[PDB]
Every structure is written in C-alpha cells, then in structure tokens.
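Chemist: sequence unknown, structure follows:
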Ligand SMILES: Nc1ncnc2c1ncn2[C@@H]1O[C@H](COP(=O)(O)OP(=O)(O)O)[C@@H](O)[C@H]1O
C-alpha cells in the first residue's frame, strides 16, 4: 500500500516494471580490479546547451565509497543523499573506524530503506558501490528491489546484456591491475554511440588510498591511446 | 490499470504522470529564454497581457528568490507561485542555517528534491511549472539552472522553456556553437533576438520582462521599460 | 484451351525478378536481424541438398510482424 | 464430467528424459563419433522437449555453416547456447 | 482508490496467503536434516554466474544467534528484514533473560510477526519461508520450518525449495532416525541435493551447507567451506561408483 | 548517400541534429525526408531543406531528461 | 581421402623416371627418396623396371611390411572370428582398416580384393560412397583405365544419385578420367 | 616515476624526426622492463607508436618484418594478447604495403578467428578492410565485395572514427 507492494501470485509486477525502467540507457559499467574498483558511466547530454561540470553521475558518498547509477536520476539523487546520511550516521555512532569497506557491505545492507520501504512508488535506479578500506576492494550492486549482489564486473545500461558479455569475454579476470579502467572504457565504447570525450565520459576510481572522481584531464588522457 | 492515472511505473517501464506534467508546462501559452554569458546571465520571457484592465505592474513571471538569485516560471501560475514561495523559503532557511548565501545550484538541487518527493508517493501530484533560476556565483561566474516537475535539475549557457522551447533551444544551440563569447550587450541581444525569432512580433518594449544578473553588479535587476527599450533600439540598428 | 500465364489473370504483381531495384547491402536498415532472412534465403540459395544429409529441416514460412519500420 | 475421468499431468523432462529426447531427435541426423549427449542435456537447466528440438536444429544449422556431416561437440555446445538468450536477463534473484 | 486484499474467499479461503505460500516453492532450495550430535542445513546456490566474488560468505544460510541459524527461501527483500528482525528478537530475549533464547520461542515470535503481517492492515504477507536449526538446554538439537502463513512446524528432515516434494520423498525413503549421525546426515543431504539438482556431479560452489554441532558446553555453527564440501562430494561419488558397479 | 551525397549536399547539413530526435520517423519517413530535397531553387541541398523535411509530418515527443 | 595421394605422387615419379629418359638423374633421386619411404616392396614390382631389381633395404623394409600386414591381419581375424558383428557394425571399418593396410602398404591386388569384398558385403550410403572413392583413387593410381571407367560408370549412374553434397567432393577426380584421356575439350 | 616513459617518448620523437633506425630499434629492445612495469594499455600503445614511427621512414624491408615478428613473440611471451593482435594487424598492413600474396591472407584469417571470439571492433574493421584491399590487389573482386560488406557491418559500431570512416569510403 504505502510500502513496496503489488505482488501477485508468484510475481512482483511493480518491481518488474521498475526493473524495466532501470534498463535506462546509461551503461555505467563497474569493474572490481585487484588494486581497486572502477565505476565508469556515460554522460551523453542532449545538445551542447547542457553542462557536464554542473551535474555528475558519480558521487562520493564518503571518503572511499563511490557511487554510480542508472535510469531515474532524480530518484538517484535522493538515494545518494540518503546513503550519505546513513554512512555519516554509522561513522558517528561507531566513531572513527574510517569506515569504507567494512562499511561498504554495511551501507549496502542499510540500502533497505532504499527499496524494502519503497515509498508507494519504488525507486527506479540501480546503483553500483565501490569501497576499499579493508585491504581489499568491494563492488556491490543494489537494484530497485533486491539487495547487495557483490559483483566483480557488470553494467546496468540499455545494452547491459552485451556489456556484461563483453566484460566476461574480455576476461574481467583477477590479476588485473588498477588500470582495468581501460577495459571499463572499452566496455562503455560498446554501449556508446559517439566519439566519447572527457566530458562525455565520467569515471570514478576507488583504490586502497581512497576514492576519487577522475577529472576530465585524466579521463581524456585515458581515452587517448584507445 | 491506472498506470497513466497515478504516479506508478508503467508496464512498459516508464512514468507517464511526469511525462504529462511536463506537457502541462507547455500548456498556458508562454515561453522563456535563459542565456548565460561571459560575465552575466540574462533571462527573458514574454508578458502575455490580455486586456489592459489587468495590472501590468503585477503580472510578472520573474521573481527575486534572494538578493542575488532570480527565477522565471513557466507553466500554471498557481504552481509557479507555490514553487517560488518554496524557493524563497529555502533560500531564507539556508541563509539562517548556514551563514553564506545559498548557491544557485544548491537552491535548484533543493527545489528538484522537493519535486522528486512530489513525483514519489501517490497522495500528492507534481507541480506543473518549470523554473529557470539564474545568479552570479563566485569562482563560477554567472550560473543558470532549470528545475523541472520531475526533479532533474540541470541546464546551462543557453536554455529555454515553454511552448516553443525547442525552436529557441535550436537557435541558441546555433549561437553557442558559433564560438564567440557574449558581453553584457551581446548576451541580452542574443536572448532578445532568440525570443523574437521564436515569436515574431518585433517585440514592442512592453510585452517582455527581462531579468539580468551581472558580476560587477550583483542582484536580480528586473530591467525597466526604458532599459528594454534601449536594448531593443540598439539591437534593431 | 488452357491459358499458360497465371500471374496476370488477376494482376496482383508479377515477375519482379531479373531487375535490381534495391540489391542487398545497399539497404539502410543494416540487419535488424537479417540473419533469419539469410536463413530464409538459404533454401533459394540452393542448400536444399545440404538440408538433407546434415539432417536439418529448413524453415518453410517466415512471418514478419513489424511496422513499416 | 468429461474431465473427471483423468487429470494426468506432464512433468517437465528430467536430465535423463532430455537424454532420451536427444537420442530420439539425433538418431535421424548425422554427427561425430564421440559425444557426451548425457552431459549435453544435463547442461541445459530444466527446459523441455521443444527446447531439445531447438538444440537439435541449432546444432544442424551450426554444422550447416561449416558444411560437414559430422556435427562436432563444439557445435553441439553452441546449440546448447540456444537454451541461453532466455536466462533471467537482469539478476533479479529476488526469489 | 486501490485497496489491498487481506480478505477471505466465498468458500472461506485466504487465497492471497495460499498463493504466496505456493510461490515460496518457486525459486530457492533449502533443506534441513536433524541428527544426533549435529544438525545441518543444505542450500542450493541458484545463481552461479562467474562474475560474482562470494564475499558475503553466505547467501541462504544466515547466522541469527549464538545457538541457531536459519535459511530463507522467499523474496530476498523480505528475507533481509525478516533475518534482521529475528536477530533482534533473539538478542532482545538474551538481554531480558541473560540466557540464549529457546529455538521454539524464537520461531513462535517470528511466526507471530508473520501472522500479524497477514492478519491486519493493508500490508502484504511476508513472501518468505525459512528453516531454523538450533540447540537449547531443554530439547537439544531442534529443526523448525515456518511458511509465510505463520504456521511453523517442528521438523526433523524437510526441504523447502522448488523440488521440495522430490527432496522430502528422497528424505523419507533414505532417512533413519536414531542411527543417524552427523557424517551420515551429511551423506544423506548431499545425496538428496544431487537428486533434486538435475545436473549430476554437483560442484561444491553450487551447494552451500552449514552444520551446527555441540562442542564442550558450547554451540559451534560451522559453514562447510569449499574443500570440505568437495571432499564430501568425492566420498559420495566413491559410494555411488561402488554401489553401481557391485550389481 | 543513395542520392549521391543528397545530390551534392552542402557540408553544413549534417544529420547529427535532425536524426537524434527520438521521434520514431520510420525508414519510410527517412526516405521521404531524403527526397524532400526536391527544392530545386538551387542545385545543392542545405540544412534548411532537412529541417523542413523533419518539420512536415512529425509528432512532438521529447523529455528524456526526467528519465536521465 | 588423404591416402593414395602420396601414392599418386610416387606413381607420377615412376612415370617421370620411366617414360622420359632425359630425367634420369633427378628422377632417380626423387623416386628413391619416396620409395625408401612409403614401404615400397609390394609396389616395387613396377619400380624394378627403371632402377635396380630392389634397392638395398630388403631385410628391414620387408620385415616392416610383413610385421605391419600381419598385425592388421591379426586384428581383422579377431574382429571376424571372436565377435559376430555383422552389417551395421564395426566390422565394416575393421575391413576398411584391412583395405587401407593392403593398399598403403601392400600391393593393389589385396586392396582391390578387400574393397570388392566389403562393397558386396555392406551397401550403406556412406560405406558405398567411401569405397567408390577409394576404388577411383586406386584406379587412377595404378592407371587401370578399365577400373577408372568402371568406378566412374557406377558412381555417375547410381552411387552419386543416392546422397548429395559429396558429388561436389568427387567430381574433381571423377572428371580425371576425361583429364587423363583425350577428352579435355568440352 | 613516469617521467622516464616521457623521456622514452621524447627520445623516440627525436629519432623519428632525424630518421634514425638502429638507435630506435635498440631503444625498443631496451625499454622492455619499463613496458612490463606500467599499465598494460599505456605500454601497449607506446609500443605501437614506437613501432609505427620506426616503420615509417627507413625502409629496411629485410629487417622490419623480422623485428616486428620478434615483438609479437615477445608480446605473446608477456601474454599481452591485445598488443600482439595489434601488431599482427600492423604486419597485415605492412604485408599489403609490400604486396604479399597469401601469407597476409592467412594472417588476416588467423586474426579474424582470434578476434571474432572477442568483441573488439576497431581491429576487426581494420582487418576486414585490409582483407578487402588485398583481394582487390589480387583482383579478387567478389570476395573483396563480401569482405567489404562485412567491414561495413562491423564498422557501424564506431560512430566518429574520422580516419577510419574515410578509409571505408
Ligand atoms: N535503404 C532503405 N532502408 C529501409 N527502408 C527503405 C530504404 N529505402 C527505401 N525504404 C522505404 O521502405 C518503404 C517500404 O514501406 P512499405 O512496404 O509500405 O512497408 P510495409 O512492408 O510494412 O507495408 C518504402 O516506402 C521506402 O520508402
């Protein structure tokens, strides 16, 4: 009624429609490498009137937790604001654990106000989370109704099927260094229609040193020699 | 059914209620143009005044939200005034909670969050009014943003809203693609000629109301009849 | 007598063969799928002999339930 | 009446049933000497005899493009990939 | 306005609850077998896509208390909140009485919350059924199965998954009380899982099993890791080969 | 390209603006728009001809920014 | 179908050593280099005309031939005595291994006998096509134009009628009869 | 720490400007530890750029193919599959430049077999275009047309490859 609802016999029809909506069209690939995690997404603004340094697709929820998302950006804003508040509350309660990767699982679990209390209309965004404050990286996905999936490499766009196929065929693998971001950009290239540029592609990286949204300078540097 | 009647996800995977609410902005018969410049940001909308028994003094669609941020509303006037009041409340509350004045991007973000809460749930409905707010921001130059009945807050340099918003956006895209910065004469003239080419009445200097925020002069100047007439004379020269 | 021709009895088009109007790769639609269509042309492209021996049963009908796209 | 006589139900074919259907459908066709059709059918999760027919015709078409009378295990596994393209698409996994 | 369905039938049936309970059979597969000096759970890993990392260390089996552990078979959205509430109930009892909560009391509390969810208000029934294995001072090793109807049952060998009928039939055929031990219970669990999972020679990755044992005045809930699981698989394979060839 | 560069179309005509419409415009409409270069006032086609071709026979569908 | 092709090569080498006497130095070299290999003693009753009666490998090479032929003969005896496999069974390929041994190692006479034996035994489509191909290849080997005509006649009459996409695998050598003969015109 | 690779790029640029061959070959044979110390993609593209600059001017036709084959073998030893595939494509181009008859063809076929199992697109378009070029050089018109049509089907992926689109046209 006023929660996550509309579940007929053996189905979650409203949730399935929400998942049809999160099919979206922003690929937003994620790769869990040995050194860290890369969350890269496509910012294909309509015309040149819009700006790319104004709004962002990758949001640092805390010191080393980075976030990328899928369709329904307005819902994603509220979700990332809630996630920031939740991570901050956890850090305040359990004071000074520098909680990122011992919190990445915890923040993913506390993404139950995300969907288990849907709010009449469930959220229409699936989001990938990266954290590296455990000596090991973490890539998790939370969908409009499910929970943490703990991916190693995935995509959540219009061509997420062939994007994931590209990820597995290109062997996301386990020995890959931090610079698997080249493979992430290649995976975006498959689900991209255009000469992708620094403002067109937004990527954040989360390594053991912390999380950082790569500026257009480094994004263009990586896009060069591709 | 009721997929297209309430704010619920469609079986095809869409949200039809906000899709209708956006066309609500086109309803009402008005257009507005926003042009960011090298140093200033100017916005202009037509002033459709049917019959002179109205007070042209108070029929405006542009307002001061704070001492440096000015908005223009597009759509149903009641929802427009409600969102203007909400924006003014947010600006004042931000100035009270935090000492420095509210950045225009943050104000647009808060308004978009309110609108996103509106498109969430089912008891209320989204407000059919798209707001374009501009203001000078330090270390940022002029800044223009658009909050929509959905909650997607963005828009920059040249952005328009209203019935014939697509044609204005196309012309402004042509102008911005022409790589030359607009001073505090070219920005205003560009906006005026954009809106005039959209709706050719040659714009007698009484049917539009332009708001300007420069860098050396802050504040949302609602330019008077004399100023708009002078700009029109200079442009048509 | 028996009239040999059959097509022009009720018109309804005729032998559009021996005439290049739109060849093949010149189409703008690329594929859509066009692989099931090349599968459909396998039977015209001989391969009825290859339908046997291998043991496959080639398709006989092809319905395209698409708009004018 | 007209249905109270029996209500016999169809169980979806098990892995060994999918074997037997693979054998029935592949007796007519020609293929390589060695094939582990038992593991081939077991690789297919659940499915039905219609899917076994789909795998058999996919193996025939895959062998057609190579133009050989001996359908290889690699072509058979490519035919097993016809059980794919359905999967669950997105990892709903809500259960 | 739309109103939910928490009502009866013209016959007098709660067909919404019945449909949810039947849907629990769809998707997920867990089974619990009770033996002396050890009770164990077997879970079927549904999605084994190679692109996961298995860092949660458990998906079906959940440790809910020092002396018990559960395994859900319903929608994971409700499963997470139900496990959180179950842990909260157990720890609240521990705070109040300074004593581990008896398994039956914990299961009754959980089934009471599910009965409330299906009883009053316009709220969906919790579409999840889960097993519980645990040990207490009064009854020793206990196994319980609770359905979304809130009507739990005290079982000793049961399954809750898709082919739960086939699994429970296999259990009934090859279950022997009293003589049952931990190792023979593991053998039976792996055998019935191999039966209910069509692909023979089940990989240790597609099967997750956890055993609860009673050490010296202390309950140890060990989830059997990959090497131990596949060694159990190898022993089962040896037994199958010997039995098949000896005919 | 069928009509060789739209019968010698000018450089400043590129379809990047009038193709990214998200307004259906089936291939039949695309062919019609291509042949709506029949404005023989000049021997070359400009972007105005494409704009008029897109303007005629079209339905207004927009607003992807809410979804993205 | 690879067998009898290197045999074709040695047959052509014997031709080049025999008919043109201009090639009497390099032809000897290539004939020797391909006759000391390929186990050429039974297919050396033809080679004795040009070179010596027998090259100096007699003991080792004849032992290799007799040992290999005896091993295959033992294998054939086991299949045809200990096991009663008949018709559509592995005795068909066992006799193919017999014919392959009698052809690639032994003289054409035993190979032809084994072929005609299993042709009259089994009449399956694949078996009949394979043996017709082998008979054509051995005929074009030993230049038996009568055998080439015989296999070409039966293949073009009835054998190629049953079974398709294999005539495309056979016309390249089925027309070799016209190639070797004068009919190279139409 | 990356200033050394900047110096390597700077040295290679001056060697290309002057027209040196032996010095550039020695530098390429020497920088291998630095190649196996950094990002695989960055090192791979540095190798490709240095190799192309070396093959540009000084036409040591008896050494260019052998040197690049040695580089491919080195890349195979380093298990840089995409690097060695790129150099295989480069030698297919060099083979077409040197009018190679069929060794270019089977190398292209080997590349296509290795690449179609993957989902690279730029390499596939270049390989198909080179295969069309060598069919045309050998006057294999129908196979060239078939390869070119496959090149178009593959080349639809890249939206603005301004050099590549001109090559296809
Ligand atoms: N290269 C091309 N790709 C796709 N469509 C084309 C191409 N060239 C022309 N067309 C259009 O395809 C249309 C076919 O339409 P029509 O046959 O009426 O649709 P339907 O077959 O659904 O009835 C023609 O009107 C023509 O304009």
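Modeler: That came through, no problem. Numbering: from 1, shown residues only, chains lettered A, B, ... in the order given.
Chemist: what residue is smack in the middle of chain E?
Modeler: residue E:131 (3.3 Å; Cα atoms, centre = their mean).
Chemist: again, but for chain F
Modeler: Geometric middle of chain F (Cα atoms, centre = their mean) lands on residue F:50, at 3.9 Å.
Chemist: Where does the residue lying closest to residue B:185 once chain neighbours are set aside sit, in terms of helix or strand?
Modeler: Beyond its immediate neighbours in the sequence, the residue positioned closest to residue B:185 (Cβ to Cβ, 6 or more residues apart in numbering or on different chains) is residue B:234, lying 7.1 Å away. Every residue, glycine included, has its C-beta placed from N, CA and C. Element membership for residue B:234 (DSSP states H and E) is helix B:225-235.
Chemist: before we move on, the earlier item: from residue B:40, how far off is the residue nearest to residue B:185?
Modeler: To residue B:40, residue B:234 is 16 Å away according to Cβ to Cβ, to the nearest Å.
Chemist: And the residue most central in space within chain H, how far from chain F?
Modeler: Per Cα atoms, centre = their mean, the C-alpha nearest to the average position across chain H is that of residue H:90, at 2.5 Å. Distance, residue H:90 to chain F, by Cβ to the nearest Cβ, to the nearest Å: 30 Å.
Chemist: what's the answer for residue H:96, then?
Modeler: 26 Å.
Chemist: Check residue B:204 too.
Modeler: Distance from residue B:204 to chain F, by Cβ to the nearest Cβ: 28 Å.
Chemist: Enumerate every residue touching that residue.
Modeler: For residue B:204, the contact set (Cβ atoms under 8 Å, 6 or more residues apart in numbering or on different chains) is empty.
Chemist: So it lies in a strand, does it not?
Modeler: No - counting by DSSP: H, G, I helix; E, B strand; the rest coil, residue B:204 is located in no strand; its state is coil.
Chemist: The residue nearest to residue B:185 touches residue B:189, doesn't it?
Modeler: Yes - assessed by Cβ atoms under 8 Å, residue B:234 is found in contact with residue B:189 at 7.1 Å.
Chemist: Pick out whichever of these two has more residues nearby.
Modeler: Neighbours were counted for residue B:234 and for residue B:189 using other Cβ atoms under 10 Å in any protein chain shown; residue B:189 has more, 19 against 12.
Chemist: Quick one: residues contacting the nearest residue to that one once chain neighbours are set aside.
Modeler: Spatially, and ignoring its direct neighbours in sequence, residue B:189 is nearest to residue B:235 (4.5 Å; Cβ to Cβ, 6+ apart). For residue B:235, the contacting residues are B:189, B:192, B:193, by Cβ under 8 Å, 6+ apart.
Chemist: same thing with residue H:11?
Modeler: Residue H:11 touches residue H:27, counting by Cβ under 8 Å, 6+ apart.
Chemist: which SSE is it in?
Modeler: Per DSSP H and E: helix H:3-18 holds residue H:11.
Chemist: Repeat that for residue B:109.
Modeler: Counting by DSSP H and E, residue B:109 is part of helix B:104-119.
Chemist: Next, the buried residues of that helix.
Modeler: Residues of helix B:104-119 classed as buried by neighbour count (16 or more other Cβ atoms under 10 Å in any protein chain shown): B:104-116, B:118-119.
Chemist: Report whether that helix contacts chain A.
Modeler: Yes - using Cβ under 8 Å from any Cβ of the partner chain, we find that helix B:104-119 touches chain A at B:105, B:109, B:112, B:113, B:115, B:116, B:117, B:119.
Chemist: could those residues be laid out in a markdown table, adding distance to chain G?
Modeler: Output for the residues of helix B:104-119 next to chain A, formatted as a markdown table (distance: Cβ to the nearest Cβ, whole Å):
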| residue | distance to chain G |
| --- | --- |
| B:105 | 70 |
| B:109 | 69 |
| B:112 | 67 |
| B:113 | 69 |
| B:115 | 68 |
| B:116 | 65 |
| B:117 | 69 |
| B:119 | 63 |
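Chemist: what's the farthest-apart pair in these?
Modeler: B:105 and B:119 (20.6 Å; Cβ to Cβ).
Chemist: mind listing the helices for the chain?
Modeler: You didn't pick a chain, so chain A it is. A:13-22, A:73-93, A:101-109, A:160-169, A:181-190, A:216-223 (DSSP state H).
Chemist: Wait, chain F was what I had in mind.
Modeler: Counting by DSSP H, the helices of chain F are F:5-8, F:16-19, F:27-35, F:47-55.
Chemist: So residue H:38: helix, strand or coil?
Modeler: Strictly by three-state DSSP, residue H:38 counts as coil.
Chemist: list the contacts for it?
Modeler: H:2, H:5.
Chemist: next one: residue A:40
Modeler: Here residue A:40 is in contact with A:28-31, A:68, A:181, A:184-185, A:187-188, A:201-204 (criterion: Cβ under 8 Å, 6+ apart).
Chemist: doesn't residue B:161 fall inside a strand?
Modeler: Yes - counting by three-state DSSP, residue B:161 falls inside a strand.
Chemist: quick one: it and residue B:128 touch, right?
Modeler: No - in this structure, residue B:161 is not within contact of residue B:128 by Cβ under 8 Å, at 12.0 Å.
Chemist: tell me, what's touching these two both at once?
Modeler: Joint contacts of residue B:161 and residue B:128 (Cβ under 8 Å, 6+ apart) are residue B:25.
Chemist: residue contacts, residue F:20?
Modeler: Residues near residue F:20 by Cβ under 8 Å, 6+ apart: residue A:46.
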